[PDB]
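Please read the structure below before turning to the comments.
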Amino acid sequence: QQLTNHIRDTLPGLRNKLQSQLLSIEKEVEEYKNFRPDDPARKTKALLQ
Amino acid sequence: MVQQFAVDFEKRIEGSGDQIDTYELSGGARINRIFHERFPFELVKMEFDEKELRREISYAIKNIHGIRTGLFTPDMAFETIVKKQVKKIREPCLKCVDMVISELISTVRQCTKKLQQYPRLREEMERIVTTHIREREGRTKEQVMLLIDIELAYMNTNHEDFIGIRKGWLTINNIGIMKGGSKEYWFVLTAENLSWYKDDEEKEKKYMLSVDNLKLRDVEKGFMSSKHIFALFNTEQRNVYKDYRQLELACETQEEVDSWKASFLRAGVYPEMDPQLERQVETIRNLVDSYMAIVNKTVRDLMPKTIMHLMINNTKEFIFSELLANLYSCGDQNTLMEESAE
């Protein structure tokens, strides 16, 4: 019972770490997931930036 | 044009660059520094009648002591007055946010309608920016509320609170026959004691008197009627410690006499419950003012910082990084960038 209580008590720490990593990465994968080689608009946006 | 818009907006609101409008206006988003120096006005537009504050404090004490006899002023009599005063500033903070949003919308319009000849483009580039501004209105208001709510959550008396009232010159007209004449001196009246000085350095400390157990009266016209006169007299002892014929004191006007009397009344003196409660009420009133000065100071400082972080900087980041991505998403990209007849 103590081993089970310990293993469950650490879940909140792991959940916050994974949630933090998704928030940091999300801003860029949102754009990478929409990559298409045939996209003159993507090229134009990069040029302006 | 997108490049020119982003650059023009940033110059106008930050104030950087050349070609500044040195003559015509105080304008171009430098108006916002007025709100940050106008919001300090709304925080003092509010007023209260002190008699309502005294009544409210009195019921606060009696309602904290439910049945018990009171020895010391309860702390909750302080906390529940401060919480009630702080709730009042929710409104002016929201007015400040709304005024700032209004100026951002006006500035976006100047940088858009006046510089672009293409139809439809000046609509998309105005619509998108004002939509983004409105969403930040939402996030900004939540943060302001979670700041005032924090001011209520805990009372901190460590930094600048009053850590544990009237001044002017008076002349004594009736001097003992061994000296004669009249003596002009510096008088300091506090809520606790009276102190006599020879000058405004307040170094001599020649006389000290208690405020308690003294009485005030007017004087009969047995004198050359050139000054207004009152008397501070004692009925519990034959002398006012160091006495000068019941300390008859002349003033230039009756209004000065009445202001003095009012100051004595504030200090605890009675006119020509009462023993215990009135002293407790005055202690709380003073402590409340000293703490509210700190609350107001902190609010004036943090509000413009909250707005800059949450509304202004995110708008600039949007203009530089996202604006073009959204214009490609509007309409059908066929009627956009179609020349007007002119």
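No Cβ is skipped: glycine too gets one built from the backbone with ideal geometry, and neighbour counts run over all protein chains shown. Every read-out reported here was derived from the displayed coordinates using simple, explicitly stated rules and does not represent laboratory data.
Can you list the HN-Hα couplings for segment B:240-254, worked out from phi with the Karplus curve (6.51, -1.76, 1.60; θ = phi - 60°), rounded to whole Hz and with x for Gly and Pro?
Listing the rounded values in order: 7, 6, 7, 9, 10, 6, 6, 6, 5, 10, 9, 9, 6, 9, 5 Hz.
What are the extents of the Cα atoms of segment B:80-224 along their three principal axes, in Å, largest first?
98, 39, 32
Please list 3J(HN,Hα) in residue order for segment A:14-20, calculated via the Karplus relation 6.51 cos²θ - 1.76 cosθ + 1.60 where θ = phi - 60°; whole Hz, with x for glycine and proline.
5, 5, 5, 5, 5, 5, 5
Where the centre of each part is set by its Cα atoms, how far does segment B:194-227 sit from segment B:1-71, in angstrom?
Here the two parts' Cα centres lie 44 Å apart.
Please report the relative contact order for segment B:1-140, taking Cα pairs under 8 Å with a sequence separation of at least 6, and give it as a percent rounded to a whole number.
Computed value for segment B:1-140: 31 percent relative contact order.
Please compute the alpha carbon radius of gyration of the protein assembly as shown, then divide it by the globular-protein estimate 2.2 N^0.38 Å. Two decimals is fine. Present the calculation step by step, with values, prior to reporting the outcome.
Numbers: Rg = 34.3 Å, N = 391, 2.2 N^0.38 = 21.3 Å.
After normalising by residue count via 2.2 N^0.38 Å, the value is 1.61.
Most exposed first by the Cβ proxy, i.e. fewest other Cβ within 10 Å, how do B:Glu50, B:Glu103 rank?
Ascending Cβ contact count within 10 Å gives the list B:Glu50, B:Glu103.
Could you please state, rounded to a whole Å, how far the C-alpha centre of segment B:90-142 is from the C-alpha centre of segment A:27-42?
When both Cα centres are located, 29 Å separates them.
Using only C-alpha atoms and all pairs of different ones, pull out the Kirkwood radius for chain A in Å with one decimal. List each step's numbers first, then the result.
Numbers: mean 1/r = 0.0703 Å⁻¹.
Computed over Cα pairs of chain A, the Kirkwood hydrodynamic radius comes out at 14.2 Å.
Using the Karplus curve 6.51 cos²θ - 1.76 cosθ + 1.60 with θ = phi - 60°, work out ³J(HN,Hα) for each residue of segment B:2-8 in order, rounded to whole Hz, and write x for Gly and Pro.
Those phi angles translate into 5, 4, 5, 4, 4, 6, 5 Hz.
Using only C-alpha atoms and all pairs of different ones, pull out the Kirkwood radius for segment B:187-327 in Å with one decimal.
With all distinct Cα pairs of segment B:187-327 included, I get 20.1 Å.
Return the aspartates and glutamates within reach of B:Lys297: Cα separation strictly under 14 angstrom, same-chain partners fewer than 8 residues apart disregarded; answer none if there are no such residues.
List returned: B:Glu37, B:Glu42, B:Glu151, B:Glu160, B:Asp161, B:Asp289.
Pairs to check: A:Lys17/B:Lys316; B:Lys51/B:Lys261; A:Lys17/A:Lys45; B:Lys87/B:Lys141. Give those whose C-alpha atoms are more than 23 Å from each other in this structure.
Violating the 23 Å Cα-Cα cut-off are A:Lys17/B:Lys316; A:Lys17/A:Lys45.
Given H placed 1.01 Å from N in the peptide plane, which residues other than close sequence neighbours of B:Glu322 have an amide H under 5 Å from its amide H?
Residues meeting the amide H criterion: none.
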